[PDB]
Amino acid sequence: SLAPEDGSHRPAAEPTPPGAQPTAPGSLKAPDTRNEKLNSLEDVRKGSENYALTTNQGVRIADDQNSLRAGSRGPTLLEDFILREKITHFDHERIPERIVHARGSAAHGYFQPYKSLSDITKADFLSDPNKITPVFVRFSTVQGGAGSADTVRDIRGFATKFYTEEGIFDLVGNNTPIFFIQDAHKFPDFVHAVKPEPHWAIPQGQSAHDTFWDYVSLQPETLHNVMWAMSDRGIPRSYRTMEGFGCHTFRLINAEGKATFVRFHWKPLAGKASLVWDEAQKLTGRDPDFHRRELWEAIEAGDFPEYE
Amino acid sequence: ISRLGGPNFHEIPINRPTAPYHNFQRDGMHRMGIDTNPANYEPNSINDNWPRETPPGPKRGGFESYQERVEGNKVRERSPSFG
Amino acid sequence: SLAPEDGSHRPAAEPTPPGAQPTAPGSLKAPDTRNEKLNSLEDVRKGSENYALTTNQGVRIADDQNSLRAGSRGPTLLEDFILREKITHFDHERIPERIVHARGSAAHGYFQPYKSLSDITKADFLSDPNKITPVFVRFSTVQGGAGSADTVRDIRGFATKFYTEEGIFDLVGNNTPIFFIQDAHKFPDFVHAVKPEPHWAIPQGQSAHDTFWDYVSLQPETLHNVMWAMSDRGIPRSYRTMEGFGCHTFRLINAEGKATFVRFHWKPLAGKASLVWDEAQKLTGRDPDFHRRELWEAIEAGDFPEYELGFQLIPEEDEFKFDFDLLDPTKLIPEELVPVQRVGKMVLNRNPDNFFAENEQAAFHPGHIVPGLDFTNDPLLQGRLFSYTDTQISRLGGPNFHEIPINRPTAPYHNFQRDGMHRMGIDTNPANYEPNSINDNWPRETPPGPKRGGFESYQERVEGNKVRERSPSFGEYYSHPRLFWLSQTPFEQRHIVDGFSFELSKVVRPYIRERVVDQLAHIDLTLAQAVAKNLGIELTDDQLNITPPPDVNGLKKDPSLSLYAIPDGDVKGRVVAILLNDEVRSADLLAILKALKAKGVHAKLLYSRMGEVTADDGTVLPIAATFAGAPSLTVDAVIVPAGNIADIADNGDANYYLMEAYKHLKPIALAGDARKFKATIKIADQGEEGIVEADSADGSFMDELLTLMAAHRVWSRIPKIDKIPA
Amino acid sequence: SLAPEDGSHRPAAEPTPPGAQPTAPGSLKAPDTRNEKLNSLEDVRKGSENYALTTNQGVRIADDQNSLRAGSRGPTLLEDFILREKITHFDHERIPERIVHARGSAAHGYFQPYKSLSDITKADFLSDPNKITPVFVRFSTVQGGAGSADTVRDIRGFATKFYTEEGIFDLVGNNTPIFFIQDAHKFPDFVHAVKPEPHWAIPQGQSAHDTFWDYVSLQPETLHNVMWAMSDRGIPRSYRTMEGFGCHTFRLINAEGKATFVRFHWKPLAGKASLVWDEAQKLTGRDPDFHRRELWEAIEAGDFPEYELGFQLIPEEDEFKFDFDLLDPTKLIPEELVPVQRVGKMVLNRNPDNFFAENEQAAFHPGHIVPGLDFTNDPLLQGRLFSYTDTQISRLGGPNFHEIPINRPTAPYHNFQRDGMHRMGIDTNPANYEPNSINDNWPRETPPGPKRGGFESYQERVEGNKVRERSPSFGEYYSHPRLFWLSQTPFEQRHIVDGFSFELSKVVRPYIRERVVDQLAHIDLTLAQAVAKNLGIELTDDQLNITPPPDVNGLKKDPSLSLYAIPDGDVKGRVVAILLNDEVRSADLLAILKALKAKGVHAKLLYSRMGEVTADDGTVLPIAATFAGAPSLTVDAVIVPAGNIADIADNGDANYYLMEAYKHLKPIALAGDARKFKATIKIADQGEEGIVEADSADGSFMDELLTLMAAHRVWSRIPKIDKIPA
Ligand code: HDE
Ligand code: HDE
Ligand code: HDD
Ligand SMILES: [S]
Ligand SMILES: [S]
Ligand SMILES: [S]
């Protein structure tokens, strides 16, 4: 047995402050934190302790250290299906990242209203303060790839999937109340302009380059959101300490059929807080996973991110 | 990998084993299984090396190939016995 | 017209030094550079000047600013095909990244051999010193994603696609001579261990976490490549200043059928040079694109990356002449035992036009060999042969990945394979099978021979049972790690100690650190104790008495394993920060730049804001960047000319600039009143080695600075840096 | 393993009648046939003669017969990269077939207008009678898979890609002028209902099953296109002998901005002709590739398929002037009300080289329009515009499907779209966005205007609330089916009755059959009774009293809706079977072939074995096929020359050949003693209209036979075939 005698390989399944224990998969860290969605995923969770190592077809593997070869210094044989299945699955691990917001960090939680909103909306999840709606929330940057740094200067995404009794509602918002552009037809122009430039694929995670500012200088509708990004809004301390916005006017519709225009807000109960530019930029080098880590460790500690 | 869209074709319901399957393979398109193992490699100490290899034996043992003697040069050649 | 009237939007189509012009696609930057492969890509190049904006179907668009809607404040209509085509293409821009080496930077070039190697190989590309072979080379890290940082601590890849007249040959190597594991079956285990951990996908671009060090502690075969990764080899200065290696024993096969064992080498003609860890880490923050940028800018300046191809050659009858197995890819062949024979030179002289189309889509695979080469039973190489074909079916969308333009052979290709997704070639052959009579059996098989023959494998003898078994001969883990460590200078050993100590401090479970210190004590006690001390760990009496492993074939060191033991410095294409003031002394600046120019060293003029300043004599000095904007991390040395020093003397950024460069062992030069800065870095009045100083920037002031830059960094300074708060 | 020395493996590169030579890729059969699009494909056409067989990487293969193994009876080795490339390509050949119209056959050709249409449209391809536009056309069934049969009962597709100077225009039509449903939202319900049922995936190529008739019984909007499918229009003789229609009201826009509604037509210059059901059904077993083969062989013979493009034009102010809605795609515009104006001619004159690359990968989509054309609010068309771009993402592997060679425009295309899987074009533009200054904003938008202008949508007024609601004007379902019924000849009517009767007899659930018959009672009582009688159903008193729907704008019938009521036969390209005997009277064969050749009618010489027979004068006659191997299903008429009739008089296959041809209403001619076969088909001494007979085959005999063939089938024989046991 390879684990240490004293059992110090395994993190306590109780809330612990950052750095006190190794981090762990959520169902192992907090087995008794439940909601309808988390429970419904049990059919696909797979454990490991006390099980035999197998192929994907259920065949027990005797030797997971060697390829099948003709003699112990010989060529590898085509009939080694165990090696080929293992290397095939490896070879095909990756899927395309998101076109934008490829960098992002997510957690499970729940939502509950403070009071029935039936006077203004028939949305079932807003109909009773007793209605508990599971959520899965993903926070993100915009420009950089899935392996880019967290504390860049960028807009941040804030996407919430509400698993309601009357369907999925996704509230797909950002951390500023507007966008750079007015018409969707220009989205690939704006995004190409902010992304790494096409000849050489530089710079990652940064608007600080000629094409972005070229587009901005030629499209003054951009200037409002550019102001937000150049502010310390663009460099939050934590996904816990930033605001969220729905970006658009939507409508609520009530049982009588009356429409009300609405814009959505998320107010962080831990308050608003951002880094300073020098600190953010250096932090992309010292810990490019700083926000991902901070979110995971706040939840492990019981410092649950809360938004109104 | 093209016909069924990727390396997780064993998780398409008709294809699934009824026998247990556990290993350190991860990800791929259409991934259904949510692995809770702290480890995705072996040997590991962080999960006490589970899931673990199993020696061959008379029942419920690991797969080991028959130790057939191979002898010859690397050749692209049809056996004369096939002619 | 949106372009400025003075044409300042268009970069000069001629060699210019870094920062002088905006960068540009290669065919616009350097239209006069060519080779056979670049010429053949012309059929797919797309221009843009003077053309109308269209759909992909060739319909001209009138308004590319708006969607179609019912009234100008109305709903967007489904019939807007111009919107949905444009948004559809955007929606599907991304393809899966490489499983490993996803972060990489690539350039076109050419290779030519120094003489015909026909006595040892029939490979056509090596048959004639006049035969010039286009190449495309991609350098990469291993762990991080395509949008991770360049100057991480990691292994680097060094992949070369040779477009030979007898097929594609891909030499898919790394910047170290070995690998972490012995058998390919373990590759997903090792890679999973070094990659971000699967619960939370942390950390990116780093081996400094529990699962990596768990695997290493349990798999001593890894320690040799770990030594390399923990040394300054893991943080190169530039893709231009690292070695490349082919990793495995392959074979050369001559026209007579004789097989010779070969390992492949690339020697950087710009010399070997690496960063230091604090600098490398901070640089991942200040410019995560530094190596990609440096490569592109070197080529645009005419500082073409050059590498010499070399072979270590071992006769077949010498297979068992060494203390280690030639097939064991965790073992290096010391150059003291088998010298590198020079073979030819490769020059990278053109950037791509489109990074996605040429770099992201390029597919390299070590099974892509040509007649004159062959494999061996290296069990890591054996498994690689499966992987690099397989992985392309998802990454590049199917089995016609050779028809993507960058991947196309320049040699003819004809066969009976048909269809598949993205099929470009339209085959007119009446037959799609052989043997056939309906096309007189064309295209036809070709017997092997001295030139232009079919591929036939070398008839190596195979004997033994079908086994999943590691060769006993591979069961030795410590002697190569030890040879490596003993071959390093004392400052290089110090940086290895600090690499392990820093990485193990990030491992959360203490027993994993202890287990790895135990492994170190099997390699070298001094190493092990120094790492232990940094971790607060005390070696046991048993650990103190572990017998060191034996030397490797009589060797107690091999200086070729050191970056620095043997000077191979080259200052051409290096860069100096010049720290400006509002009244620079022109005569200092003239002499600085004249000497830098004469050796091909670049400069960047830095100040506290953008714009210009004016020297004493009225010369207008344009500013490249601010002190904060272009940190010392990004340059090789700093020079401060004389003048109105009081202007920058209390500037935090300016002071810190010299502290950072000082800490990172870079040459510093101070002329006249700029000597006032000696106080910020605590330099004595009689001066110290590595700090150039004088009343004015010449006679021998630039020669001194340039001598220091040829030696790369001031290693003697290392005992003084701990004191400086930087 | 090679070609025969006589060169007989290779088809002559000259036009040759069906069966005279093996068929071949178009560029080899007809190398001098060119057009702008065919030429532009030269970059990707790949030959084979005199080339070495290689891997896809350009490595010559020595042994393409064997895997690499350890000894010649040993295991195959993983290092066999030649085996794995070849098998990997093969393992990934297939791409997803089209959701609908998966079964299709395609050819290249060209179009030109008869005169400039600039008064009604500014479309460049309709602007000049001497501007030629390349086309690629694919004909298809709808329901069955890509390996289903051709001569099923189904709607046919007729899709034309016009490669115009101002962009690709795809006219994506069918062989009937309406569709089964009104709103695109129901398309998956209808298609799922006609497709193989989901539990067991039966039946292929057939609407004759419960789910289809369940949907029709519940959605009377479908009854109009059902009437067309049940008629002989559902079983065309050839893609050369059916009409095409664009299905929707589109708009033409002229340079002055005037909009005219238009519906598109294609008139077959070879005339309108269909099979009979029993023949069609049996032919799906004897030759499931009959229409694919006939199309390919017509083009190899020079019987180029020709179609006339025609437009129904309705001025904008006449939108509401009919008693149906112009935007309802279940409604046709009778040519009695709105005549088809002839517009131009399309000729299909070359087959592809590789069916997969050019046919299977072609992507047609009706949203691919060009300036001068525009859409309408037809709610079926509206949703089609979403589907034809979306579906290519999976079928063709991503958003670069326009780079697959067959799909590329010949017109320039330049834009700021980048990347996507298997990206071919390498963009050099410094800019990938607009507005930009860095490339002076190229490529640039272009204002709309008379010619070469940007696309702008016609400024149609929209007024209404956001609703999911069917227009009340669409809620009439029976008048157009009735118009169609009343316009058919009596034998066409009988065949419609028979198609409904045959289909509904395969519906297992009897209440579905009853509900369909109730729908038929709302269209025409005579039809409804005739179907009921065949299903053993008796109409109720109420059903008997259903008031017939109103005439369509005063019309009692419109003969243009019939296949046959107005003669339009053309025999060129048709085929006759000639049943040989072992001593043919050469004088008869001489006169038969001379007359057939004068009208471009082909012949196939049949016998009871293959090889040769010798005629009375020593002429050696090669045999194309046996009586069983090329049944009368595959020909238009049968001729039996004189000679040694005893040789075949008691041959069961030869007698049956005539019985099947007789049953199927085909002309038969019998010369000399071949008149003895009159007994097998019960023709009286006096003779019968449709049986040509004389002492010998002469001028008069062949004229009579060719007159019969110009009328396609012998409809007057129908009363006589009930009794024949065939
Ligand atoms: C206001 C909040 C907001 C706005 C206004 C937009 N984004 Fe987002 N985006 C996609 C496209 C898209 C378009 C076409 C527009 C304006 C027309 C916006 N964006 C502006 C996308 C390409 O479809 C996207 C990429 C992956 C994906 O699934 O959809 C996408 C991502 C995205 C996210 C990430 C959600 C997640 O996966 O975690 C968020 C938070 C936004 N967008 C916000 C957003
Ligand atoms: C010797 C230099 C070297 C070695 C020993 C290995 N890698 Fe590499 N690698 C792939 C798999 C693979 C396996 C199975 C093994 C040992 C079993 C190695 N690696 C060790 C791959 C997953 O098939 C890979 C990912 C993308 C791809 O197409 O192949 C792959 C990448 C890779 C590159 C990247 C080439 C490029 O596109 O720039 C390089 C330089 C190596 N490997 C070197 C290498
Ligand atoms: C809203 C869905 C929809 C509806 C309402 C229609 N179509 Fe369609 N059609 C498709 C959605 C579609 C498709 C699913 O997108 C296909 C199959 C895959 C493809 O590329 O297009 C297709 C293919 C397709 C083809 C085959 C082109 C080829 O040869 O590749 C033809 C000829 C037609 N259609 C014709 C018609 C006609 C005459 C319609 C009646 C006016 C019609 N379609 C309505
Ligand atoms: S937004
Ligand atoms: S290696
Ligand atoms: S239609």
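Excluded from the calculations below are hydrogen atoms, water molecules and symmetry mates; all remaining heavy atoms, backbone and side chain alike, are included. Every chain is numbered from 1, with letters handed out A, B, ... down the list of sequences.
Using modelled atom types, no side-chain atom of D:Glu445 and backbone atom of C:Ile61 make a donor-acceptor pair closer than 3.5 Å. A donor-acceptor pair is defined here as one N or O able to donate and one able to accept, closer than 3.5 Å; such a pair exists between the side chain of C:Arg84 and the backbone of D:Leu385. C:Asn415 places a side-chain N or O within 3.5 Å of a backbone atom of D:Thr54 that can act as its donor or acceptor partner. Remark: side-chain polar atoms of D:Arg444 are not paired, donor with acceptor, to backbone N or O of C:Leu53 under 3.5 angstrom. A donor-acceptor contact shorter than 3.5 Å links the side chain of C:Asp440 to the backbone of D:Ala3.
Heavy atoms of C:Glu166 lying under 4.5 Å from chain D belong exclusively to its backbone. Interface residue C:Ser457: only side-chain heavy atoms are found under 4.5 Å from chain D. Both the backbone and the side chain of C:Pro399 come within contact range of chain D, with heavy atoms under 4.5 Å apart. Residue D:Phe169: no heavy atom, backbone or side chain, is found under 4.5 Å from chain C. Contact of C:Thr446 with chain D is made through backbone and side chain together, with heavy-atom distances under 4.5 Å. No part of C:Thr410 comes within reach of chain D, as not one of its non-hydrogen atoms sits under 4.5 angstrom from that chain. Of the atoms belonging to C:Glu85, heavy atoms from both backbone and side chain fall under 4.5 Å from chain D. With a threshold of 4.5 angstrom between heavy atoms, D:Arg461 does not approach chain C through any atom at all. Heavy atoms closer than 4.5 Å to chain D are found in the side chain of C:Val462, but not in its backbone. Contact annotation for D:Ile82: only side-chain heavy atoms (C-beta onward) come within less than 4.5 Å of a heavy atom of chain C. Within the 4.5 angstrom heavy-atom criterion, no atom of C:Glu463 approaches chain D.
To the nearest 0.5 Å, atom CG of residue C:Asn436 and atom CG of residue D:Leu2 are 10.0 Å apart. Taken from CG in C:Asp80 to CZ in D:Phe375, the straight-line distance is 9.5 Å, to the nearest 0.5 Å. Rounding to the nearest 0.5 Å gives a distance of 6.5 Å between CG of C:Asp170 and CD of D:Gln57. A distance of 8.5 Å separates CG in C:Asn429 from CG in D:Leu28, rounded to the nearest 0.5 Å. D:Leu68 CG to C:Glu456 CD: the interatomic distance, rounded to the nearest 0.5 Å, is 10.0 Å.
Options D:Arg45, D:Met424, D:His9 differ in how many heavy-atom pairs under 4.5 Å they form with chain C, and the most are formed by D:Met424. By number of non-hydrogen pairs under 4.5 angstrom with chain D, the leading residue of C:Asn441, C:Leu381, C:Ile404, C:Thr164 is C:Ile404. Taking D:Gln459, D:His368, D:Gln382 one by one and counting their heavy-atom pairs under 4.5 Å with chain C, the maximum is reached by D:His368. Of the residues considered (D:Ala52, D:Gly425, D:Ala70), D:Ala52 shows the highest number of contacts with chain C, using heavy-atom pairs under 4.5 Å. Options C:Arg452, C:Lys86, C:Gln361 differ in how many heavy-atom pairs under 4.5 Å they form with chain D, and the most are formed by C:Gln361. Here D:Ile369 is the residue among D:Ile369, D:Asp390, D:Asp374, D:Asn377 with the most heavy-atom pairs under 4.5 Å with chain C. Between chain D and the options C:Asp63, C:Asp43, C:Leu78, the largest number of non-hydrogen pairs under 4.5 Å is found for C:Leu78. With chain D as the partner, the residue from C:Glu49, C:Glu358, C:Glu360, C:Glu434 showing the most heavy-atom pairs under 4.5 Å is C:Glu434. Interface remark: of the candidates D:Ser1, D:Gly74, D:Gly383, D:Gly26, D:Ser1 forms the most heavy-atom pairs closer than 4.5 Å to chain C. Put simply, of C:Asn50, C:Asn439, C:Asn407, the one with the most heavy-atom pairs under 4.5 Å next to chain D is C:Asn50. Considering only heavy-atom pairs separated by less than 4.5 Å from chain C, the leading option among D:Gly420, D:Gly367, D:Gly167, D:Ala357 is D:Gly420.
When all heavy atoms are compared, the tightest approach of D:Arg10 to C:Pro430 is NH1-CG, 3.4 Å. Between C:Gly58 and D:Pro409 the shortest heavy-atom distance is N-CG, 4.0 Å.
Using a 4.5 Å heavy-atom cutoff, the side chains of C:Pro371 and D:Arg60 are not in contact.
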C:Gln417 vs D:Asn56, side-chain hydrogen bond (donor to acceptor under 3.5 Å, both in side chains): CA-CA, chis, key distance, verdict: CA-CA 9 Å; C:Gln417 306 184 21; D:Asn56 294 327; 2.7 Å; yes
Set out, in order, the CA-CA distance, both residues' side-chain angles and the distance that settles side chain to side chain contact (heavy atoms under 4.5 Å, CB included) for D:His422 and C:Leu396, then state yes or no. CA-CA 6 Å; D:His422 199 118; C:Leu396 296 188; over 6 Å; no
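There is no side-chain donor-acceptor pair under 3.5 Å between C:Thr428 and D:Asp353. Side chains of D:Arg423 and C:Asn354: no donor on one and acceptor on the other come within 3.5 Å.
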Let me have the donor-acceptor pairs involving side chains of residues 89-96 of chain D, under 3.5 Å, with sequence neighbours excluded, atom names and distances please.
unit_1	atom_1	unit_2	atom_2	d
D:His89	ND1	C:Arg418	O	3.2
D:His89	NE2	C:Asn400	OD1	2.7
D:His92	ND1	B:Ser2	OG	2.7

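Considering only residues two or more places apart in sequence or on other chains, C:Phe455 meets the ring pair (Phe, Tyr, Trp, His ring centres under 6.0 Å) condition with D:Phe81.
Under a cutoff of 6.0 Å and an axis angle of 45°, C:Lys46 and D:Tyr413 form a cation-pi pair.
The side chain to side chain contact (heavy atoms under 4.5 Å, CB included) test with D:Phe356 singles out one residue from C:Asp427, C:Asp419, C:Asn432, and that residue is C:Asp419.
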